[PDB]
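Asks: Pasting an experimental structure, sequence included:
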Amino acid sequence: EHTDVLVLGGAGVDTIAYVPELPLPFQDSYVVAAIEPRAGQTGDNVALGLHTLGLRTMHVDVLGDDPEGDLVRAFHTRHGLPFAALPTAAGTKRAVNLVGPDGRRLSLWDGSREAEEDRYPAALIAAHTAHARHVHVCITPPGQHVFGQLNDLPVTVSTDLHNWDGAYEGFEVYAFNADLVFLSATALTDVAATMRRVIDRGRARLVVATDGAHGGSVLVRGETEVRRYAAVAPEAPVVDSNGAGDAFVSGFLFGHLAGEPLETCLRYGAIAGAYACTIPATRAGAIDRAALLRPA
Amino acid sequence: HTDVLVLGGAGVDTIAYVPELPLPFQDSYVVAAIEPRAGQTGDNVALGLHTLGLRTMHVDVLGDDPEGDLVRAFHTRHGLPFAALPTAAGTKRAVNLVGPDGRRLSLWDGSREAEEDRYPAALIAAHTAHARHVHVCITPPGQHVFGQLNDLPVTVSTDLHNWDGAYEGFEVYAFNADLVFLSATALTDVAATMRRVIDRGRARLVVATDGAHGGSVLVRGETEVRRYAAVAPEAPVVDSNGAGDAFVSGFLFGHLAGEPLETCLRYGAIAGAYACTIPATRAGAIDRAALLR
Ligand SMILES: C[C@H]1O[C@H](O[C@H]2[C@H](O)[C@@H](O)[C@@H](O[C@H]3[C@H](O)[C@@H](O)[C@@H](O)O[C@@H]3CO)O[C@@H]2CO)[C@H](O)[C@@H](O)[C@@H]1N[C@H]1C=C(CO)[C@@H](O)[C@H](O)[C@H]1O
Ligand SMILES: C[C@H]1O[C@H](O[C@H]2[C@H](O)[C@@H](O)[C@@H](O[C@H]3[C@H](O)[C@@H](O)[C@@H](O)O[C@@H]3CO)O[C@@H]2CO)[C@H](O)[C@@H](O)[C@@H]1N[C@H]1C=C(CO)[C@@H](O)[C@H](O)[C@H]1O
Ligand SMILES: Nc1ncnc2c1ncn2[C@@H]1O[C@H](COP(=O)(O)OP(=O)(O)NP(=O)(O)O)[C@@H](O)[C@H]1O
Ligand SMILES: Nc1ncnc2c1ncn2[C@@H]1O[C@H](COP(=O)(O)OP(=O)(O)NP(=O)(O)O)[C@@H](O)[C@H]1O
Ligand SMILES: [Mn+2]
Ligand SMILES: [Mn+2]
Ligand code: NA
Ligand code: NA
């Protein structure tokens, strides 16, 4: 009856423009397809994905009194996602993304959408974790202040560092206080080294470094060699690779909370990620339980 | 009341400031504030003419959009008389990448058109009764309005923007306007395109802007194209979006005031230079005082 998985942060709005190619050669203007601001940033996708897979999720994030804020509220209402909007003077998180015909995405992340005085109230975290098994913390503020509290709780914690430097100190509090750490490998100087470093802090059981259509790589606590997983071919054209890594997290966690072995969890993630690559910005979509369990 | 009737061009730009154009491929950049704003070609011309002290009226189709909200708020805030016609296609919109030098890569939404849309003749006739001039933006249903305008006692201007000089859809605008403005960025043969507007159309003069290099003008009855020089902005160049529209505003302010061609060209250059100094975080147009000295 209560929250099974608490999702912290990551609520926002992407404005997608489909472009002929990336990098886009300079002109005064291109005529593009329909431009339509939608909710569905990393916190929105992890929530939707987990909920579509049948888990009782709660989603909490700071939210502006914005037209962007309206979109996020409507997103959760539309997909039946339990949601708590916290006030903030900074405004709702935004990005402008350029999507190529191959599904590749160039995100322009608004970095002004932070108020240092924002906090996820301790009582709210406590209320939604009273019977919960897992908390996913998005790397958006004020997520950096929540791990003193979560570390004392009988729940597992996961995070997604996305295109982490491997060096940028800001993501460390996330990377070093999470049992399951996810991240992309596109901005890593040394993938293997970053993965080993996250493990050498003595908290994470595994690290996953995703590599798009190549699948990705994983490192398990106490193991020396990194493992790979294969990407799954989508049953539809790759249109928009936005939310794939979030879909991967959702799929993986579904298997994690169901006691599945690592390889199955990785399989779930890959299938969910491939599905997400086939969804336009014109609709919101997350893979369903039945389809996730369909391949062998 | 009204001096100038502005038709079309009501829309919303979403600006993202980027380190360089063209933008090399990365998964993500961290950029400054992204804040959708009203102020496409029609909104800017209206505000420019209004700021300079002319009596304006702006008419365009508008969607029951969040974008529509921004547009309506814009006209109210700046006190621009405005009449929104309903449309099912939605409010026009673009995503613009703006570099540190003010250069802009616009991403125009070409889906915001409904073929059944029309400017109602009775609304057109009503606002052309006392108007001396009508400016028609090249957005639909603009292409259906020149039959009525042709029989009215008003001068007509238009702005063709980054026209091919070949795309047939703009020809109805280019060939039925007293004053034809356009950008020269996409022109293979600037001079030929200008003369073609003179010969096939009824333009009394044609202006092909060229950004910081000024632009080109061709006058009916003359053989050679003239040049005008750009004026340096008096504040840092931030966002060149709206420069061309400001040029039209400054030019018309003098044109409707019977000022010589050289004076009108100069006003536009100043107005356009000023336009490049306004952020996407503010709406701004040059006033009478700053323009006249
Ligand atoms: C979710 C988001 O995470 C990442 O964004 C982080 C930045 O990369 C960090 O640099 C940091 O931003 C700070 C600035 O660096 C700093 O100058 C200051 O302005 O404060 C900023 C915020 O504290 O932290 C950011 C997160 O808070 C990543 O780069 C970004 O791409 C990620 N968003 C993507 C996710 C999805 C779907 O998964 C899309 O909806 C978005 O469009 C993507 O941009
Ligand atoms: C005002 C706008 O004019 C120009 O846009 C025109 C396109 O260039 C044409 O191709 C045509 O678009 C049609 C498509 O070609 C067609 O495939 C179909 O999708 O229908 C479309 C609409 O009929 O007509 C367009 C005008 O509606 C120009 O390219 C564009 O850049 C101009 N907009 C700029 C104006 C300003 C200055 O303030 C900025 O606000 C905008 O961001 C600029 O993009
Ligand atoms: N083009 C593709 N074809 C097939 N599978 C894909 C493709 N792109 C991604 N995937 C799968 O989805 C996973 C996530 O992709 P990836 O691009 O690495 O995530 P991401 O960049 O973090 N997406 P996001 O949630 O928007 O930050 C990969 O590990 C693959 O399993
Ligand atoms: N950087 C600049 N410095 C000085 N004057 C400028 C600058 N950029 C533009 N101008 C002036 O503004 C005029 C119009 O600029 P231009 O870029 O040609 O119009 P535009 O691109 O169509 N703007 P827009 O309304 O967004 O379509 C030029 O002829 C100059 O007089
Ligand atoms: Mn990611
Ligand atoms: Mn223009
Ligand atoms: Na997608
Ligand atoms: Na500007």
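Replies: Nice, I can see it. Numbering: from 1, shown residues only, chains lettered A, B, ... in the order given. Ligands and ions are numbered 1, 2, ... in the order given.
Asks: hey, let's count contacts and neighbours off CA atoms from now on
Replies: Will do.
Asks: number of nearby residues for the residue of the stretch 151-296 of chain A found nearest ligand 1?
Replies: With Cα to the nearest ligand atom as the measure, residue A:243 is the residue of the stretch 151-296 of chain A nearest to ligand 1, at 4.6 Å. Residues near residue A:243, counting by other Cα atoms under 10 Å in any protein chain shown, number 25.
Asks: Likewise for the one 3 residues further on?
Replies: Applying the criterion other Cα under 10 Å, we find 29 residues in the vicinity of residue A:246.
Asks: Kindly report the same for residue A:296.
Replies: Look at residue A:296: counted by other Cα under 10 Å, it has 6 neighbours.
Asks: swap in residue A:258?
Replies: Other residues within reach of residue A:258 by the criterion other Cα under 10 Å amount to 10.
Asks: how far away is residue A:16 from residue A:108?
Replies: Taking Cα to Cα, to the nearest Å as the criterion, residue A:16 is separated from residue A:108 by 10 Å.
Asks: same question but for residue A:263, I mixed them up
Replies: 34 Å.
Asks: Angles on the backbone of the residue of the stretch 51-200 of chain A found nearest ligand 2, please.
Replies: Per Cα to the nearest ligand atom, residue A:96 is where the stretch 51-200 of chain A lies closest to ligand 2, at 14.6 Å. Summarising the backbone geometry of residue A:96 under the convention degrees, to the nearest 10, its torsions are phi -120, psi 120.
Asks: Contacts only, for it.
Replies: For residue A:96, the residues meeting the contact criterion (Cα atoms under 8 Å, 6 or more residues apart in numbering or on different chains) are A:14-17, A:107-109, B:16.
Asks: Pick the one among the residues you listed closest to ligand 6.
Replies: Closest to ligand 6 out of the contacts of residue A:96 is residue B:16 (18.7 Å), distances taken as Cα to the ion.
Asks: beta partners for the closest one?
Replies: With DSSP bridges as the criterion, the beta-bridge partners of residue B:16 are residue B:97.
Asks: Mind listing the shared neighbours of residue A:16 and residue A:108?
Replies: A:96-97.
Asks: Closest residue of the stretch 1-150 of chain A to ligand 2?
Replies: Closest contact between the stretch 1-150 of chain A and ligand 2, by Cα to the nearest ligand atom, is at residue A:29 (5.0 Å).
Asks: List the contacts of that residue.
Replies: Each residue near residue A:29 by Cα under 8 Å, 6+ apart is listed here: B:105-108, B:162.
Asks: And for residue A:33?
Replies: Contacts were defined as Cα under 8 Å, 6+ apart; by that measure residue A:33 touches A:17-18, B:109-111.
Asks: Adding distance to ligand 5 as columns, could you present the residues you listed in a markdown table?
Replies: Written out in a markdown table, the entries for the contacts of residue A:33 read as follows (distance: Cα to the ion, whole Å):
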| residue | distance to ligand 5 |
| --- | --- |
| A:17 | 19 |
| A:18 | 19 |
| B:109 | 27 |
| B:110 | 30 |
| B:111 | 30 |
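Asks: Pull out the buried members of the contacts of residue A:96.
Replies: With neighbours counted by 16 or more other Cα atoms under 10 Å in any protein chain shown, the contacts of residue A:96 contain buried members at A:14-17, A:107-109, B:16.
Asks: Check those residues and tell me the two furthest apart.
Replies: With distances taken as Cα to Cα, the most widely separated pair in those is A:17 and A:109, at 14.1 Å.
Asks: thinking again about what came up before, you'd agree the residue of the stretch 151-296 of chain A closest to ligand 1 is up against residue A:42?
Replies: Yes: look at residue A:243 against residue A:42 with Cα atoms under 8 Å: they come within range, at 6.8 Å.
Asks: For chain A, identify the residue most remote from the centre.
Replies: Of all residues in chain A, residue A:28 sits farthest from the chain's C-alpha centroid, using Cα atoms, centre = their mean; the distance is 34.3 Å.
Asks: Look up how far ligand 1 lies from that residue.
Replies: Taken as Cα to the nearest ligand atom, to the nearest Å, the spacing of residue A:28 relative to ligand 1 amounts to 24 Å.
Asks: Could you pull up the contacting residues of that residue?
Replies: Residues in contact with residue A:28 (Cα under 8 Å, 6+ apart) are B:104-106, B:162, B:185.
Asks: Alongside ligand 1, which residues does the stretch 101-250 of chain A contribute?
Replies: Listed as neighbours of ligand 1 in the stretch 101-250 of chain A under the rule Cα under 6 Å from any ligand atom: A:107, A:109, A:111-112, A:114, A:139-141, A:162-163, A:242-243, A:246.
Asks: and the residue of the stretch 51-200 of chain A nearest ligand 4?
Replies: Ranked by Cα to the nearest ligand atom, the top residue of the stretch 51-200 of chain A for proximity to ligand 4 is residue A:96, at 19.6 Å.
Asks: picking that back up, who are the contact partners of the residue of the stretch 151-296 of chain A closest to ligand 1?
Replies: By Cα under 8 Å, 6+ apart, the residues touching residue A:243 are A:40-42, A:45, A:273, A:276-277.
Asks: Please list which of those are also close to ligand 3.
Replies: Judged by Cα under 6 Å from any ligand atom, the overlap between the contacts of residue A:243 and the neighbourhood of ligand 3 comprises residue A:273.
Asks: Just give me how far stretch A:18-25 sits from the chain centre.
Replies: The chain centroid and the centroid of stretch A:18-25 are separated by 25 Å, computed with Cα atoms, centre = their mean, to the nearest Å.
Asks: same question, stretch A:200-215
Replies: Relative to the centre of its chain, stretch A:200-215 is centred 14 Å away, using Cα atoms, centre = their mean.
Asks: Likewise for stretch A:116-126?
Replies: Remark: stretch A:116-126 is offset 20 Å from the chain centroid, using Cα atoms, centre = their mean.
Asks: Ends of it, what's the gap?
Replies: Length of stretch A:116-126, first residue to last, Cα to Cα: 22 Å.
Asks: List of residues touching that stretch?
Replies: A:60-62, A:86, A:88, A:141-143, A:145-146, A:149.
Asks: Repeat that for stretch A:64-83.
Replies: Counting by Cα under 8 Å, 6+ apart, A:11-13, A:38-40, A:47-48, A:51, A:57-60, A:63, A:87-94, B:66 sit against stretch A:64-83.
Asks: just checking, residue A:95 touches residue A:109?
Replies: Yes: if you go by Cα under 8 Å, residue A:95 and residue A:109 touch, sitting 4.4 Å apart.
Asks: which residues are in contact with both of those two?
Replies: With contacts taken as Cα under 8 Å, 6+ apart, residue A:95 and residue A:109 have no neighbour in common.
Asks: anything in stretch A:284-296 near ligand 1?
Replies: No: with Cα under 6 Å from any ligand atom as the criterion, ligand 1 is not reached by stretch A:284-296; the gap is at least 12.2 Å.
Asks: Any chance you could list what contacts that stretch?
Replies: Stretch A:284-296 has contacts (Cα under 8 Å, 6+ apart) with A:40, A:45, A:48-49, A:52-54, A:247, A:251, A:268, A:271-272, A:275-276, A:279.
Asks: 7 Å instead, please
Replies: Contact with stretch A:284-296 is made by A:48-49, A:52-53, A:268, A:271-272, A:275-276, A:279, as judged by Cα atoms under 7 Å, 6 or more residues apart in numbering or on different chains.
Asks: Endpoints of that stretch, how far apart?
Replies: Per Cα to Cα, stretch A:284-296 runs 26 Å from first to last residue.
Asks: Check stretch A:69-88 too.
Replies: One end of stretch A:69-88 to the other measures 11 Å (Cα to Cα).
Asks: Run the chain-centre distance for it.
Replies: Relative to the chain's own centre, stretch A:69-88 is displaced by 16 Å; criterion: Cα atoms, centre = their mean.
Asks: likewise stretch A:61-81?
Replies: The gap between the average C-alpha position of stretch A:61-81 and the chain average comes to 17 Å, counting by Cα atoms, centre = their mean.
Asks: What of stretch A:130-138?
Replies: Mean C-alpha position of stretch A:130-138 versus that of the full chain (Cα atoms, centre = their mean) differs by 14 Å.
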